[PDB]
Every structure is written in structure tokens, then in C-alpha cells.
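Notes for the one structure printed next.
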Amino acid sequence: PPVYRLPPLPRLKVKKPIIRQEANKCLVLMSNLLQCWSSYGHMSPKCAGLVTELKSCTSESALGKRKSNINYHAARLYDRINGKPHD
Amino acid sequence: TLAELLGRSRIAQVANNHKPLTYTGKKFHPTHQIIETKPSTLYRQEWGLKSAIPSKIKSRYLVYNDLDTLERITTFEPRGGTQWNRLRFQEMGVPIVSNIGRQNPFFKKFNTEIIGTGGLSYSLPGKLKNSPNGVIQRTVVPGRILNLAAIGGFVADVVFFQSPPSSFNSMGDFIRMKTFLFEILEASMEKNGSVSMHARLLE
Amino acid sequence: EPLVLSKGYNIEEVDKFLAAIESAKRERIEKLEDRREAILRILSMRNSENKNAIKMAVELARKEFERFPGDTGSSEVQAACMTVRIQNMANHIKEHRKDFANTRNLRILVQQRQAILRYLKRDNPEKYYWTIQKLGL
Amino acid sequence: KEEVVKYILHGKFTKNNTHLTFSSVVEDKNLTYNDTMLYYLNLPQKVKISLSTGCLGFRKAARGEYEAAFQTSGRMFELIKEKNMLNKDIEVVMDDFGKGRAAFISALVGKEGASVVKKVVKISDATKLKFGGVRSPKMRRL
Amino acid sequence: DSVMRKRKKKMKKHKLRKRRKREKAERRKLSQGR
Amino acid sequence: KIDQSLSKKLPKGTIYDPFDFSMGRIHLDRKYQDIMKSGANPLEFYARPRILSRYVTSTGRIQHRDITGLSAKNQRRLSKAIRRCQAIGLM
Amino acid sequence: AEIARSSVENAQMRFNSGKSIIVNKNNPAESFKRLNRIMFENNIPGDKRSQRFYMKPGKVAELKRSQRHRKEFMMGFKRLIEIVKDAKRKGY
Amino acid sequence: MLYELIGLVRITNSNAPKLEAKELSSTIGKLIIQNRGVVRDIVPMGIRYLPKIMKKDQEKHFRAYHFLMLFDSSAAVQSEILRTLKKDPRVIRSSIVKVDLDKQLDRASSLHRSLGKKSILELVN
Amino acid sequence: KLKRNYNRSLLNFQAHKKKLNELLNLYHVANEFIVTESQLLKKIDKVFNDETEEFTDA
RNA sequence: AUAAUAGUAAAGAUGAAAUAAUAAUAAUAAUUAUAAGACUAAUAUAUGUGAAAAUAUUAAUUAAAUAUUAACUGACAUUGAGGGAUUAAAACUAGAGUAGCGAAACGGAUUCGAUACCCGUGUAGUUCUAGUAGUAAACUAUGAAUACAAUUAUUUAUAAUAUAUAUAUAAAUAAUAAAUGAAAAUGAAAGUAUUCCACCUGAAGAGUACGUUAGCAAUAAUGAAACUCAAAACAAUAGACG
Ligand SMILES: [Mg+2]
Ligand SMILES: [Mg+2]
Ligand SMILES: [Mg+2]
Ligand SMILES: [Mg+2]
Ligand SMILES: [Mg+2]
Ligand SMILES: [Mg+2]
Ligand SMILES: [Mg+2]
Ligand SMILES: [Mg+2]
Ligand SMILES: [Mg+2]
Ligand SMILES: [Mg+2]
Ligand SMILES: [Mg+2]
Ligand SMILES: [Mg+2]
Ligand SMILES: [Mg+2]
Ligand SMILES: [Mg+2]
Ligand SMILES: [Mg+2]
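Chains as they are written, first to last, in our numbering: chain A, 1 to 87; chain B, 1001 to 1203; chain C, 2001 to 2137; chain D, 3001 to 3142; chain E, 4001 to 4034; chain F, 5001 to 5091; chain G, 6001 to 6092; chain H, 7001 to 7125; chain I, 8001 to 8058.
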């Protein structure tokens, strides 16, 4: 395959390391409830427990629960990982 | 000379290959030479390679491709799972025989194809195995059903008298959790070097 | 000429070869004649490219000029080889006026020819004069 | 005869304005085989409701902007519902990637195009491009 | 030449062009018949 | 019951490993994934749209060498063949 | 006529371009998303946008070169970061 | 000089489609042979639908019959043949293209080469 | 000189042999090739009237 | 652009608006159907190819083109004043052509003003055929040739290897060592050397004037002096500023 060697750079770093967390439980419950209400009319008792669960989740605050060292490794290992020729 | 010593020596003994350490395709046999250390040598990071290996590695076994690369790191993976598969197979004690009517290759320009088995089993088929309870006719081995069954580091074809609904249909695609017993009938080996086992589900 | 062939073939030789093949087959008519005709058509100069004709002309020139059989690179034979190409190149230009790259190429070729005749004159004057006379210069 | 085979919903969504168009594919049931096949391939169309977002009272600049496009789409859907061109299947097509295109699709998805969606057999884009062709205007300095 | 230096040259060239434009009728008069 | 994306089906003749059952294995598999490559000039296939259409996007565009993964010369030959095809009726 | 009837819109399916998809009645939105993806792959909106104005041929060539460079840099960066990740994983 | 040909002929008649094609093949083959030429192979191809509704002068076409004629000729000849093809009303698209004989003498059609058979000897066997 | 002469002549001979082989191959082939009208007609009949081996891919 | 179909009040434009061969004479959008020019989406990297200008829809013709072998010639070479040929865009002279674009011009906006930037009509021009002319940031801002010098990674081609391996060659491209350099940086040349040609000798005045030659012309080449200054220029540094 076609390899692509970069030139000598000042500093290898990602400008925004994503630390892809899991989505919020409360938000999920809210979406589920919304989905249920799309069917079954406005407020039928099929989604009786779901609403209660949502309420329990969003009692103290609107969301329930409230970084990746990636550019601490790039910076560290750039000089090694280079194919930069000798001095 | 030095050259002769180098040719003899333990790094020259490891036959070179540039096969992927990460191969997500079908694995029918070992790709790379497994390399162990002693505990003492691990403690001072020495594996008998060009360089020291990172102190993050606490496993005694590994696999490698390059002693040193342009990236200034040895290309390795700290795992030696293939030895354990072989040892499991040995424990199971089901002797591999060619289902096709042919002589055993170990008895009697170059052929790169696999000579009989690849050396996972040098066992001969004619033996029985006695115990306190008696002479073992049926080899009992625990395995997991996937959907085929994973039986001691090998996937194996399975057969039964009646398909049990209580165990299967209760957890349709979480059958992997529950370990079931198996009766291994025989092990054949195809041209590609895959071990085609055949088991029977016991209840 | 009428029964001249491309691809370094000769019509007399081809017929003989065909006859030999026929004899071999017999050992081991109209249709055969038709096949022979088809072969001739395939290998004729007039169905083939101009390039083959040029090559043939160059070979002929070499044969004429070679001071011994292996002759290729004799200053005179080189000049002769150049001439055939020049003639063809000149003809091409006459068809195609504004083809300036190929006019340049022609120019270079005649400059090269001049240079090699100049050399020949220094080396071996009588031979050079003879060559010139042959080429019409 | 004049049998309506299917309807085609066309939406040209330029920078400054949208153009929504509904049209019936009118096949006649009633010569050479090749000619007949050609006729079958390209059935004549008749326009039923044309619409542009100025028709909904959006003047000058506001007609280039989504909300207006969405409203126009909703109006179109209402017209389709009322005027009774919902018996046969529908074919959606688009042009020119405006804001209004985004509006139209959203309207179709939602409750405003609820009755129409079930008849919509195929969506199929047909934006025009050029392989060289006429030179475009000089790129404005601003 | 930097761009700044070039700009003086450009200006000079423009002035020259202007002068030529101005002195077209005069130049014509001078040229014909002498 | 569960979807197909979150469970690696180990093949019949293959070996496996404890790791191989994991989520991480599946992720790794997801991460890591022809006649023109075989060694025959693509300019034989200019009367064979069926085969040339494989090296073309749904609309009709020719695919880039990054995508198709060819030798540069072989790619250019393929492209030529395609262009010849569309000059003719066929393709 | 009979022959035409027998040919039940066979050509109509293959004649049309790739900018066309059959909608599943359960999910029109999904179909629309798929279409959009297809359009993106074919670069049709970007082409349309490019074609609104004229750009001098040398200038567009320069732009194209710059884009290519940017592309090659990005995959060089990707390669580098993958190596960095591997090193991190191992211990280096 | 071996020139391959690809003509997409007209098919007006529904029941007997190949007749016009066959006539075309006859005529062009006759022309070739009259003018020092040698037709080697006349590979038929199917009644294949055109990609778009392709149109000749005051006509339209959606399906056609396709064929290759793999003949030898002079350059001049080939050009004349091409002109005659362009001219006639019963072909939609025509395309002559050279097959290079600098290396070989026996060369099969492009399709046969793509399949595997380089020379016509292979096809025969 | 002798060696050089041999080298010159051997290559030429080889080339000649190759040309002869090519000619022989052409001759072998040429029953399929067409010159006359009747042969052409026969070929046409074989191609079209049989309704067999139309080169179409699937 | 014209015409037909059905269809309804706006359409087109812009930062926002208007003017206009826009539209209640029935448009715009849509679907068809004719014609006309001019352009060439992807592939594409201008990779490559060409002396340089240049050069990517297809085909054919004629021309020229790579490498390695074999044989031959026997220094026939290098560079090249003068000279010669080709030389983008604009321009010009004829004769066709003229869709789109578009100097100018006119009109609408913008603005204190707006001989502009934006919008609308849109003539020269852009297109072809035959010429003239011989200039561009015609740039790699780097004349051509030969011998040589430390590494690595990429491709490309060549040979062997026992067709797919790891090897030997070249070639290019990218990082450098040394060396050179005012530094920026050059890196097989901006290094080490040899050969040949072109050209420079403060800034202004000036590539101006006069003269001559060439051109249908615009112009092109050639190319001074007086007068006036101790200036004028480049690389890099640190700020301030946007
Ligand atoms: Mg010379
Ligand atoms: Mg305009
Ligand atoms: Mg300077
Ligand atoms: Mg040069
Ligand atoms: Mg292109
Ligand atoms: Mg003119
Ligand atoms: Mg204007
Ligand atoms: Mg002009
Ligand atoms: Mg001239
Ligand atoms: Mg000038
Ligand atoms: Mg200069
Ligand atoms: Mg550099
Ligand atoms: Mg120096
Ligand atoms: Mg210097
Ligand atoms: Mg002057």
C-alpha cells in the first residue's frame, strides 16, 4: 500500500482529543419516553414505569452523572517515532 | 569466526517473517514463534533481543517481527496463546488421524505444505487411557456453544440426539455464558492446516 | 514493388516455406491457395505501416554502403541511414506544415548528417566524396 | 384514453428561491414496436400544482430562507391532499442543494407530509452539472 | 526586485504609457511627411 | 436476542483465544478490513462494460487510485479503457 | 405491441442513473439519508458549488495541488498517531 | 494492419433482430476483401440495451445488436470503411481501433484477450 | 573477430527462426481467415444463423 | 434561444435593493421537441511527455521518443558570439463564427462623492482558417556540459532468485551528513572541481531621449548624457500593529 511520510514538524499534536464517553442515561430514558408517546396516543399507561424512571433520574439535576492523555503521548514519542535522519 | 557464531545463535534460530501481528482473518495455526523469558530476565527487561522491552509488559511470553524498526521500537505483541491451545489439545487427548486412507507422514525439491499435523500432536491413535474409575471410553471436555462450539482453544462442529430448548431458547444469543460438557468423537486435519474437530453435546 | 513484404520477410522464401509445410503435412488445393493469399495480404507492405517500409529502405541503404557485411556505423553508412529518415521526415513535413516539433527534429537530423560527413571528409576524403556523390549532395 | 400511472414531485431548490411542482404521468392505453417501447419509456407529464415560496407571501429575501421553503412544502402537501392526486404512487426528485431542499425533506418526514409519504415510491435526485461547457461568471470580488 | 521596489517601476511604466497616449496626435503629426 | 454487530462468530476450522470473545476483538476486526490487479492490461476490457463498471461510482465517475488500489500505470490504463468505453455506445 | 407489453419496464430500471433509490415505507428518512450519502460520495453538491463561478486555470490547478497536499498530510498525521497509539499500548 | 471494429447496429424488426446486423457484416466484409483486406473473425455480441437513448439523424434507439469484426487492411482502407459506417443509417455507434502487430502476428479480438486467449490459435484449440 | 562474427550471425539466425515460426502459426490459423466471398458468407451463417455463442456477459 | 404541453402569480437578483430583451400579451419552475456555438466531470498526481512556450473526452494516420543486449564507427565531442527556428495572454490584417463569458459604453445600486468593488443590458475580444508580431512573475526569480562525495525512506523500471520472494542495479521524489552560504537555505547543487556562453559594477534620471533597424499598427530590439543625492538594497532579529 501507499505509505505517507510527513516532513519534519514542530510538534505532533491533535487539536481536540475526543474522549468518547458513554451517552447519558437520563437522556436515553427521555428519548425512549418520547418514542413511546409517538405511539399509543399522548399518555397511556404502557409508559407508566418509564416516566417514573425518568423522574427518579432527573430529581437532583437535569442530567444524572457529571480527559484522554493522547497528546501527552504524541508529544513524548514524536522524536522517537520520526524517521528523522541523524544529526 | 564471529559470522559462524551469529548463524548458530538464538536470534538467527528464530526464522524471520513479516506477517501481521494483528491478523483479523481466519487463524488455523500459529503465525509467529512464541518467545518466553525467565522471571529474572523479565525483571531486568531482557528478552534476548536487540533492545530492552518496556516495563509495562509483565507477561513472560511474546511474539515479534522486527528487532528494531525505523520508528525506534521493536515490533512485538505480548501474547503466546498458541502454546496454550496446543496444551489444551494435548490434555483433550484426541489423536489426530488423516480421515483419507494415507500413511502417517512422520514414518517412512522441497514441499512447503504442512507435513501431516503442524506438530500440535505427535500422539499416536492406538492407546487407551486408564484411571482409578476405569478405562476412559468417552473423552469428557467442557466447552461453549456460540449459536459450532468453542472447546478448549478450538472451534468444533457439534451434533446431538435432540436439540434442547430449555437451555438454548431461554438465552438465544447468550449461550456463550453457560459452559456445556462435550464428547469429542475424532479430530481430522485438512490441507489448509485447520483442525476439524467433531463433538457431541452431553446433558 | 508488387510482391514486397513487411516484417523482414521475402516472398520467394515464404512460398518455399509454405511448400515445405505442405510436403510435411502430406508425409504425416483451392483452400490452401486462399490461405496463402490471405497470408500475403497480411504481410504485404501496402497493408502494413510506413514504418516497416522505412526500416526496409534503411536496411537496403546499409547493404549498399557497408564496407564489409557487419557494416553499421561506418560514417558513410550512418549518413546513408540518416538520409532515408530525412527523406521520409521531409515528406511528412510537406504533408504537415505547422508540425513544428517534427520540423525541428528533421533539422537536427540534417545537422547530424552534415557533422558526420564533415568528419568523414577529415578521416578519409575520397570515400567522403564518393558518399556525397551517391547521396546526391 | 388518459390513465395516470404515477405522480412526480419535483423540487428545484436554488440559493434565492424554491420551486415545488406536482405532475401526473399520463399514459394513453392505445405502429412499430420500437416506437411503442420508446413511448412507454418516456411517458408524457401534465403539471397539476406549481408552487414557489413567494406564492405563500414571502417577499424578496425571506423566500430564500428555509422556514419559507418548509411552509411552501406544507402548502403543496395540503393541495395534494385536497385536490385528490393521492390515489397512485409518487416519485420525489430534487435540484440545486439550497436551504429549501433541507426544509422540504424535513417537511416530508414530519406530520405535514404524513399522507403523502405512504404513496412515495422513490426519491431520486437529478441536479444538473456540466463537463466543461459554457464558462461561468467571473468570481465576484466583494 | 521586491514588490515595493517593483511598484516604483510599474508607476514609471504607467506614466510613460500615459505620456504616449497624450502625445499620439502630436506624434502622428511629427511622423508623416518628414 | 441480540444484533449481529456485537458478537464475533468464530469460524469452524479456526483457533480462538479468550480475548477473541471480547468487545475489543470485535472493534479491532471492524477497524482492520481482482482481474485488473491480477496482471492484465485493462485496455482489453473496453468492450466489457460489466467488468469496467466495477471500477466506477454509482453515478458513473471513475474511482481514485487511493480507492481502487491499483498500480499507477494499471490505473491509468483502466481509466483510458473506461473513457474509450463511454466514447463508444457500450457504457 | 405484444412485445412491448411483455417488456414490463425492464429498461426503465437500468436506464436511470445512480441518483435514485427505492423507498422503504417503514423509514423514508433513512432513504433520504442514504441518498444524501450517495450524493456526498459522488461529490455532486461540491461540483455544483465549484461551477457557479469561473476560476483561472492556473489558479484552480494551484488550489487542487494544495488540496492534494492537505490530504496527504492528513493521512501522514493519521499514520503517525496510529504508531503513537501502538507505542502507548505497548509501553514505549 | 490488424484493425478491430465495434459496430452497434440498428434493430428495427422485433421478431428477426439480427438481419440488419448480418447485412452490415456482409457488406463491410465484402468491402474489406475487395480492397486487399483479410477479415479474421466476426465475433457476435448480444442484443444489448444502450446505456442512454442514443439517437442518429432523425431517429432514436434504446436497444441495439453489437458485434466485433477483426480485420486486416491498409490505413486508407480502414479510414474509408469507417467513413462508410458513419454514413450508413443502420448503425448507431461505430469504432475502429488498431491492434498492434509489432510483437505478434496472430492476435485475437479484445474480448478474447480479456478472457485469456491471446492468439486465435488458443481459441481454435 | 570470429567470435564477434558468430555473435552477429547467431542472433540474426534466431530472429529468422522466430519469423518462420510466426509464419507457420499464421498458416495454421488461416483456415479461419477470410479472403473470398463464399468463405465470408459461410462465416456469417455460422455467426448469425446458428443463434449460438453470442458474446454477452452475466 | 425558439416552439408546444399543461399549470398559476409572481419571477430573477443581492449584504439589502432596484434597473433590465422578466411577468396577467400568461412568465419563472416543470415536461417535451429543434438549433447553435463554445467547453471537456471523474480518472489527476501536470504523475508523466515536450527545447521552452505548452500538453489530461474518444479514435485513426504520419512523425519523434525508453531500457538492456549484439555488432559496428573510432573522439566524429562540449559549449556556442554572430545567426536560425519555435515562443503564453493581450493586440493587429483579412474571411468565416458568435452560445456562454466579457474590456468599453449606457443604466441600477453602494457611497458625503464612487469615473470603482455588487447587479443589469452587453460592443470589441474570447472561437476557427490564413497570417503579422516576438514579448510575460516566459520563474526553479537558479545558462549548458562533464568528473566526483556521506546516509535513510518512498515509488518506478531493469536483471538475477527458487510465477512471488528476498536480493543486486539504475531513475526520480522526500528527509538529511558533510560542504557552501550575508543568512533564509541549497543537498547530488547554491557542495568539491574543470570547460564554454550570457550578464552585473551605487541610487535616481532610464530601459527614458535621440539615432537606427523591423513591423499594417500597437510596438519590439538597440540605448546614452546632463541634472541631483550619500544614499540605495538583501537575510535575519526583537517589538508594535492587523
Ligand atoms: Mg552534433
Ligand atoms: Mg453577465
Ligand atoms: Mg534582482
Ligand atoms: Mg533544459
Ligand atoms: Mg479532467
Ligand atoms: Mg478578427
Ligand atoms: Mg459587468
Ligand atoms: Mg486572436
Ligand atoms: Mg513568424
Ligand atoms: Mg512589453
Ligand atoms: Mg529574467
Ligand atoms: Mg528540500
Ligand atoms: Mg564556495
Ligand atoms: Mg549567491
Ligand atoms: Mg522602447
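Just so it is clear, CB atoms sit at the ideal spot from N, CA and C, and this is done for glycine as well.
Kindly say whether residue i, judged by its beta-carbon, lies nearer than 8 Å to any beta-carbon of chain F.
i, result
"residue 6018 of chain G", "yes"
"residue 6042 of chain G", "yes"
"residue 1031 of chain B", "no"
Identify whether residue i lies in helix, strand or coil by the three-state DSSP scheme.
i, result
"residue 3010 of chain D", "strand"
"residue 6067 of chain G", "helix"
"residue 3018 of chain D", "strand"
"residue 7094 of chain H", "strand"
"residue 1154 of chain B", "strand"
"residue 3051 of chain D", "strand"
"residue 7027 of chain H", "helix"
"residue 1181 of chain B", "strand"
"residue 5045 of chain F", "coil"
"residue 3077 of chain D", "helix"
"residue 54 of chain A", "helix"
"residue 6039 of chain G", "helix"
"residue 6026 of chain G", "coil"
"residue 3046 of chain D", "strand"
Could you tell me how far apart the beta carbons of residue i and residue j are, in whole angstroms, since I believe they sit closer than 8 Å?
i, j, result
"residue 7036 of chain H", "residue 8033 of chain I", "Actually they are not in contact, since the Cβ atoms of residue 7036 of chain H and residue 8033 of chain I sit about 14 Å apart, beyond 8 Å."
"residue 1152 of chain B", "residue 1088 of chain B", "4 Å"
"residue 3118 of chain D", "residue 3005 of chain D", "So it is not a contact: roughly 18 Å between Cβ atoms."
"residue 83 of chain A", "residue 1070 of chain B", "5 Å"
"residue 1139 of chain B", "residue 1093 of chain B", "6 Å"
Taking all protein chains shown into account, do 16 or more other C-beta atoms lie within 10 angstroms of the C-beta of residue i, making it buried, or fewer, making it exposed?
i, result
"residue 4023 of chain E", "exposed"
"residue 6092 of chain G", "buried"
"residue 7078 of chain H", "buried"
"residue 6067 of chain G", "exposed"
"residue 1184 of chain B", "buried"
"residue 6074 of chain G", "exposed"
"residue 6087 of chain G", "buried"
"residue 8035 of chain I", "buried"
Under DSSP, the beta strand (DSSP E) around residue i begins and ends at which residues?
i, result
"residue 7045 of chain H", "7038-7054"
"residue 7065 of chain H", "7061-7072"
"residue 1144 of chain B", "1140-1145"
"residue 1198 of chain B", "1195-1202"
Any beta-carbon of chain G closer than 8 Å to the one on residue i?
i, result
"residue 5059 of chain F", "yes"
"residue 1145 of chain B", "no"
"residue 3085 of chain D", "no"
"residue 3139 of chain D", "yes"
"residue 3049 of chain D", "no"
Under a CB-based cut-off of 8 Å, is residue i close to chain D?
i, result
"residue 7062 of chain H", "yes"
Over the uninterrupted alpha helix (DSSP H) stretch that includes residue i, give me the two end residues.
i, result
"residue 2994 of chain D", "Only positions 3001 to 3142 of chain D appear in this structure, which leaves residue 2994 of chain D out of reach."
"residue 5055 of chain F", "No alpha helix (DSSP H) contains residue 5055 of chain F, which DSSP labels as neither H nor E."
Is residue i close to chain H, meaning its C-beta is less than 8 Å from at least one C-beta of that chain?
i, result
"residue 8082 of chain I", "Any answer about residue 8082 of chain I is impossible in this case: the structure gives chain I only from 8001 up to 8058."
"residue 2038 of chain C", "yes"
"residue 2001 of chain C", "no"
Step through the CB atoms of chain B and report whether any lies within less than 8 Å of the CB of residue i.
i, result
"residue 5010 of chain F", "yes"
Taking only beta-carbon positions, decide if residue i is within less than 8 Å of chain C.
i, result
"residue 8026 of chain I", "yes"
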